[PDB]
Amino acid sequence: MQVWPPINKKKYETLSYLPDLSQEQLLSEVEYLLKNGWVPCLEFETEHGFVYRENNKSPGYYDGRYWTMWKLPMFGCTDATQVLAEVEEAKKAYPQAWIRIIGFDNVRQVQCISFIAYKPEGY
Amino acid sequence: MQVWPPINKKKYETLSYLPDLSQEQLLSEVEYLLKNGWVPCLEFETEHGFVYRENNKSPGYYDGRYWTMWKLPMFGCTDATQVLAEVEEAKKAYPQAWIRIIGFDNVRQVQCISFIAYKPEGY
Amino acid sequence: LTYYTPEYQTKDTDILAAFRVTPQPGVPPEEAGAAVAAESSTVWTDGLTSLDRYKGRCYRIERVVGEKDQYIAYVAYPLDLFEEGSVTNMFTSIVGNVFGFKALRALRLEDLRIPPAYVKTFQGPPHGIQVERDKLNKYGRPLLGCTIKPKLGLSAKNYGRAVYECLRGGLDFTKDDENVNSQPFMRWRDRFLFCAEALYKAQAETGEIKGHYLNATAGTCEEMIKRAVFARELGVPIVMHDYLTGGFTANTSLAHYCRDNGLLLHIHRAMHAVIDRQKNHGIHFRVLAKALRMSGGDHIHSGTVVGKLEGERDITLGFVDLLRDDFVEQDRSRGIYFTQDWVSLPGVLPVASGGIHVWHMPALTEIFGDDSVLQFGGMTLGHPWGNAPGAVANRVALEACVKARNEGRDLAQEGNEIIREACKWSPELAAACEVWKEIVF
Amino acid sequence: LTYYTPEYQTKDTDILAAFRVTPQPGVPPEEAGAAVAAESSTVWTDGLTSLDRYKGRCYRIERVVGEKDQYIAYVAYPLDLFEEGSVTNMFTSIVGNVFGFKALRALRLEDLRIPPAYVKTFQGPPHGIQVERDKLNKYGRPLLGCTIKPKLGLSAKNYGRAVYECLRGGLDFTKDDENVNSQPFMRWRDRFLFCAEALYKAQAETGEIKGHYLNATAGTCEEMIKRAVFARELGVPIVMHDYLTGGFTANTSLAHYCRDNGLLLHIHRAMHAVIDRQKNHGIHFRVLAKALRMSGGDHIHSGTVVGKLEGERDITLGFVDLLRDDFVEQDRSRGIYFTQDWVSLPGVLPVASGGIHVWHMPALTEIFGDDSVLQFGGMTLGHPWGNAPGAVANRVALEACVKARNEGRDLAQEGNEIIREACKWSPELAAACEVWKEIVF
Amino acid sequence: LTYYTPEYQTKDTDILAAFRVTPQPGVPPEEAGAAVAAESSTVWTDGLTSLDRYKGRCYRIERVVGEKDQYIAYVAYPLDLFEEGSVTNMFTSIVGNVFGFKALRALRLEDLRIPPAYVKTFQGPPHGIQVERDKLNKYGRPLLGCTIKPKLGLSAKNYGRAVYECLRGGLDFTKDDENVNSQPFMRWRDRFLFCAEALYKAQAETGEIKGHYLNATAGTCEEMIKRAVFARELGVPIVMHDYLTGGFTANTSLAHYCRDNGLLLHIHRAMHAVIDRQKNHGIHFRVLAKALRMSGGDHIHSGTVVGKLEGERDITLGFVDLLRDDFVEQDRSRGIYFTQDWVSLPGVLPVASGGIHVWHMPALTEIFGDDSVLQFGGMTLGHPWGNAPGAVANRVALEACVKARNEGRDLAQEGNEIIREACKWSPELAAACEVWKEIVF
Amino acid sequence: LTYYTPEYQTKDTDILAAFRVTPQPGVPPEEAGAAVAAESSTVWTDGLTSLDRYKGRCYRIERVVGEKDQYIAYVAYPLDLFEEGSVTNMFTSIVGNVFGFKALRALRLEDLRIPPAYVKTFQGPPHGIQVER
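Residues numbered from 1 in each chain as written, not as in the entry; some residues may be left out. Chains lettered and ligands numbered in written order. Part of a larger assembly, values for the part shown. Heavy atoms only, no water. Residues with missing side-chain atoms left out of burial classes, pairs and counts.

- Identification of chain F as RIBULOSE 1,5-BISPHOSPHATE CARBOXYLASE/OXYGENASE, FORM III from Nicotiana tabacum is taken from the PDB entry.
- Under its PDB header, the title given for this structure is "CRYSTAL STRUCTURE OF THE UNACTIVATED FORM OF RIBULOSE-1,5-BISPHOSPHATE CARBOXYLASE(SLASH)OXYGENASE FROM TOBACCO REFINED AT 2.0-ANGSTROMS RESOLUTION".

- The PDB entry lists chain A under the name RIBULOSE 1,5-BISPHOSPHATE CARBOXYLASE/OXYGENASE, FORM III.
- Of chain A, the UniProt comment under Function (literature references left out) reads exactly: "RuBisCO catalyzes two reactions: the carboxylation of D-ribulose 1,5-bisphosphate, the primary event in carbon dioxide fixation, as well as the oxidative fragmentation of the pentose substrate. Both reactions occur simultaneously and in competition at the same active site (Probable). Involved in antiviral defenses (By similarity)."
- Database annotation for chain A, UniProt heading Sequence similarities: "Belongs to the RuBisCO small chain family." (UniProt positions renumbered as here; feature names shortened; annotations may be inferred.)

1. Re the relation of the copies chain D and chain C
Here is step 1 of the chain: Once chain D is rotated about the relating axis by 180° and shifted along it by 0.0 Å, it coincides with chain C to within an RMSD of 0.0 Å. Look at the turn and shift together and you get a two-fold axis relating the two. Relative to the rotation axis, the closest C-alpha in chain D is found at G247 of chain D, a distance of 1.9 Å. (Least-squares fit on C-alpha atoms.)

2. Let's talk about the environment of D79 of chain A
Here is step 1 of the chain: Examined against the element boundaries, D79 of chain A turns out to sit in the loop between β2 (68-70) and α2 (80-93).
Here is step 2 of the chain: For the pair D79 of chain A and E31 of chain A, spaced 48 residues apart in sequence, the C-alpha separation works out to 8.0 Å. (Helix = DSSP H or I, 4+ residues; strand = E, 2+ residues; numbered from the N terminus.)

3. Thoughts on the interface of chain D and chain C
Here is step 1 of the chain: Taken together, the contact pairs 80 residues of chain D with 80 residues of chain C.
Here is step 2 of the chain: Together chain D and chain C conceal approximately 6300 Å² of surface at their shared face, both sides included; 55% is due to carbon and sulfur atoms.
Here is step 3 of the chain: For the pair chain D and chain C, the interface holds 4 salt bridges.
Here is step 4 of the chain: Counting residues per element, the ones that place at least two in the side of chain D that touches chain C are α3 (87-95), β4 (104-113), α6 (156-168), α8 (221-234), α9 (243-246), α10 (248-261), α11 (272-276) and β10 (282-283) of chain D.
Here is step 5 of the chain: Grouping the amino acids of the side of chain D that touches chain C by side-chain chemistry returns 29 nonpolar, 37 polar and 14 charged. (Contact = heavy atoms within 4.5 Å. Buried area = accessible area lost by both parts, 1.4 Å probe. Salt bridge = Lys/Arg side-chain N within 4 Å of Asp/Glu carboxyl O. Nonpolar A, V, L, I, M, F, W, Y, C, P; charged D, E, K, R; others polar.)

4. Topic: the state of the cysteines
Here is step 1 of the chain: Counting across every chain of the model gives 4 disulfides over all chains.
Here is step 2 of the chain: With its sulfur 2.1 Å from that of its partner, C146 of chain C forms a disulfide with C166 of chain C. What sets the handedness of the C146 of chain C and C166 of chain C disulfide is the S-S torsion sign, and at about 95° it is right-handed. Taken together, the residues span a long stretch of sequence, with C146 of chain C in strand β5 (residues 143-147) and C166 of chain C in helix α6 (residues 156-168) at a distance of 20 residues.
Here is step 3 of the chain: In this structure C146 of chain C comes out as buried when scored by relative accessible area, which is 0%.
Here is step 4 of the chain: In this structure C195 of chain C is not part of a disulfide, and its nearest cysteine sulfur, from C146 of chain C, lies 11 Å away.
Here is step 5 of the chain: What makes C195 of chain C buried here is its relative accessible area of 0%.
Here is step 6 of the chain: No disulfide involves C258 of chain C; its nearest neighbouring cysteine sulfur is the one of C221 of chain D, lying 13 Å away.
Here is step 7 of the chain: A relative accessible area of 0% means that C258 of chain C is categorised as buried. (Disulfide = S-S within 2.5 Å. Buried < 20%, exposed > 50% of the residue type's maximum accessible area, 1.4 Å probe, protein only.)

This is the structure we're talking about:
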């Protein structure tokens, strides 16, 4: 019988309960986005890695949902590698940042995918 | 004439004004629960050892009342020693945690007992 | 005497009353009992309805053993006579007129059986025992309250200072005097504010939830609600009301308010001795206590057992059970005339106060057990080292007792010893025990 | 016994109390009186203020003539102890705790001197005697009320039918039983509506203003206000409240409501006998009556004098004066322990009820005079010809008495004769008088 | 049979209904279908208007293949018959009377075509799928809910403890039982408060937004709104309602309330089986689902596909599409009788529950895809290691499935394998899989 | 089938239900009746309370005369299960889920005994017959 730790198990939504994605796993995910025709986009954050409620506490209001856009959504990119590259670019630049990859389905105007691509030391 | 210190006298409810329970005192308490047929259960916390009010301040609302469950309530346990064991288990694992033993009276569906079994260094 | 009906088979929905009657010389019991019932419930208009449907009826007499001129007359009242959710109306109907019946020397209501079909029309306590321990996160020991003295003349800021000192020492609650409402020396809003400042500070310091019973008793319902409203704005846990002086109508309004806003309600029994002291005339405190549990309150001052004969301690315990438990089986030894089923209406925590000292801790624990609040005045405030130390003294005394009990010690046989050992390691306790140590040791 | 201060010079702003004390064997009077005062008003916090400023003090003892173990202890309480406009608080402070003091066998509060500086903090009666006669346009004779019986079980529509029959016969008011609030057999809104229909019809028929005391007594303040609100919407003149069962906090709220909306308030004294019957213990009805005049009510049930010894009739008249007049000089013969100045707070109309018959009319008129309401149950409802005729009977009986009195006749010497002559020309009256005529004539 | 109009050309604004009719032996179909329409919509007053304008009309019959006595009668109702924004009124008009028509053995409503001109009179879901993922910041996978068991008898504080344990493990939502409203064992305000404490703690711990469906279902609209008001004060994300037992009128009020205050609304379908189970009589769940999307709810319990034959899985998927999509083309294979255009009314997330186990994860993912909530009772609570681990188990199982799918694996072919590999690195998952591993491996 | 309790003595405060049950071929009545009661009312949380206090219980079965596959199963529900003054809640609790129980071919609720202790929590008719006339 094991005890799930109440500390140090911070999560990041989809796929964050699985073992860290490997370069190939990452790539596979990027390709899926591509197969379905979603537009990949990187987002990063250095201060508030998690949701909080500073400005307001009414229903549905949370701070920290939005992260910073890394460059622009990657319209027309066709090579899941371009994407991985950017990730690489982003971590060199902000080794302390949390980096996630997101995908837009503009036909429905929704974010259809969002997973963590890199976490800073200790996360 | 002595002055009760306004600092460093943090408490933990029942029995926290007595000298720290000894292994035997602890055991005696566990046995009482057992004699009355309450179900022992451990709970621990590593961050907020005390009640606070972050999310809300309406009457009766406090944060920090709930702690994490250590394993499951110990249904049918018959040996106060099993319980002490778990405590031991819990401190090795979270030496920084506050650990308390609680007892359920399900006939009345109440917590009929709750005392601190171990405090981290400096408490 | 169409009102004396020994053949009568009480119904599950009947309200039953046990009246202690002292008839006027000459008048037979049966006539006695039939008169209690007759204008305790009930021409041509008479034929427009059915007497038999709304009449109280004395279905039973009993001679009080020992005494002369006393019986226990048992009266049954139909459910329909009563306005749902109204203790005011139960009281008007049962005790409104008969106490002045010529033919009775004296009358005393001793008990009432509130049927489940009437109990279900009341909200009862805003929270009740279980909910309160859970909201306060306090389990395994009686709760401790401190009484702020003097009763009148303290300023709002000095009130809060004594409140903070007393709480930071280990007590769970502080209490406004039943008399402190709003006065020239201390207006209520000022008291509420300062007490709130003081209880938060004591909470932050000790790490334990604190409460101060803020008295909302007032001249009018509007003013009483206005006071509970500010306690709600301040985010504090408990308010207080003098249910007999304020009255059942107001109390029921405040208990609803408390339920709707999450506030615990501490009830003070001021004025009760005016009605419940005399053994031949009045209303026994157990009836006043059932009425409070019905109207609503989370706590109720029940007296002390300290220096009470066993027969008395027993009557007390009978009404404690009636306050806290779900079902109480009839038991005349303890003054329980009817089996009372509360059909899950929350229980009320008995509040013990009046001359309690730390060396009384073992017995109190013993008698009341964990579900009670022990209140101290002179024990805290009166300690040689001030309120905080005074507070430690009681809190360690209480904890020593619980631990002992938990270890299998006999509190009744070893009280003095347990206290005495604790004094060995609690200076605070030691200071509180010196005059007692000299007399017993 | 820093609480017994015979040197003390009461202040104009003091609240004074006269307690009838029956000390425990052994304890001296002075100690008695000092204990009444000591925890009837009042450590280190003690030095944060001045005891002397907020202490009750027994400045006088008196041995009760005749009796054994009884004194009259006179206590003075500072104005500052009391919350302005709060009868609840006056009561909590004075009678909250002492009735249970170990050292007293029994205690009875007999009187209170309410200083003008405290009286001025109360609204008092919504209207009072003078305003009510003027609003009703009734001058020169006691007012007549009819009691609707049975007490419970009548339907809303039958209630109103009896109300209309009784009013159209010459009575000014009809009264809801103190127990009728809202029940399965008759919900309040239905009663209010039907009674309103019935009183307007009786008003239109006779040409005289009518009223029905609509009971607003309820479980909660909100519900009580909701009932008075509908009476206001219906445009009727008077509502009713059971001040002791509802409680002072609610009553004060309803009396304010009445003032603000023009409604007269009829007060019923249900439950009083529980507290004011026993001569050694409790609160004398005169104290309950001053409290009502302070909290507010335009009418108050005061009992009957019918078959009361003169010493009793006297005590009654003492509290009648206290209810109606502006200034009442101290008078122990009548049970007036303090001179009471009401500084123009309106007077309350005493309501006499309980076994009144037309042949009692002469005496009632005589004893109470014009400023009273005489209430009849069995006299109206119980008349051989029904409510209306029953009503005529009382109204002519009353009018015969007033005329006689006005002509210089002695009601005390000629009562029977006056009644008897009226019977000659009032069949209705004749029918009501037959059993009496046989016994006396 | 001026009601059977095969020539009829439905209008774009018509409401069309597909009724499954089982006529009484003897009565022809055409007569059948004309009777459904005749008193499903419709003397001299008749000539004061135009029948033809407000009549339902059966413009088409169809013999049900396989069965005996069954047709599919297609009825058209004019837009004007319906009160804008009222599902209550759509239901009264269509299903109010015909189910009791003598001449029918049984009748079942299978589908309704809600025209765009009527859809636009409804608010629809307070938020809908897209808005909810964005408010919760959850994309790319079905949402996970935990069911707190037992269904009744848990205390408010134990409720929250199980809520916190279940959420901190990886589940997005916890759910109040549809039966938990406010009861003696757990009053609603206490539950709301404790659950709020528990969901914030689990949110703070994991870094992921959490929600607890707080049930606001109540006896009256006022009480239901009063409960959502406190959820709003607490700042929580979602409330819950039992739309069929509460009723459409209340649900529409709560859905508006939610829109106006930012709360997501989770709908429970309690009682549906009373109406939608029997294949010959009632209202098919797809009609109950369109009505919910119209009245409003952000989530709706739709059953489980676990162990359902493909023909059933298909009918289910048909109503899932109707709940989530903007336009659904007619498809009898899936039980879609009319093409339904939702003109941008938000979509509702289907909630799958009932006996789901981790080894069912692959199929559920597969069948429902990302826009669904999977709810587990026994899977969480029933895990050998408690709620948290139970929660991890499901969350890793779900994540394994999504990843697999994302990698191009066939969930239908490799379900067991994917699960099984995950067990290799999730103890928690491993513990949940042991009885299954033995049977399949 | 700790839910079939023919020994059970209904209480004055119980809510009783008479269900007309048409079991699936194979399943005995007693099992039938125990299933109506089991998820018509009711793990570790289970031990945090008392099952026995909040369980519906089938204290009686009866074969419908004439018919095949039909019984009248009598279920007792504790007063505490119900929110005072809420017909919505009485309905959710009794008829909320069982009509869809796999094991039943069909179920029909025929009657309910509303105890006086629950009736008193309702206002009932705004006026009623007598007042209206």
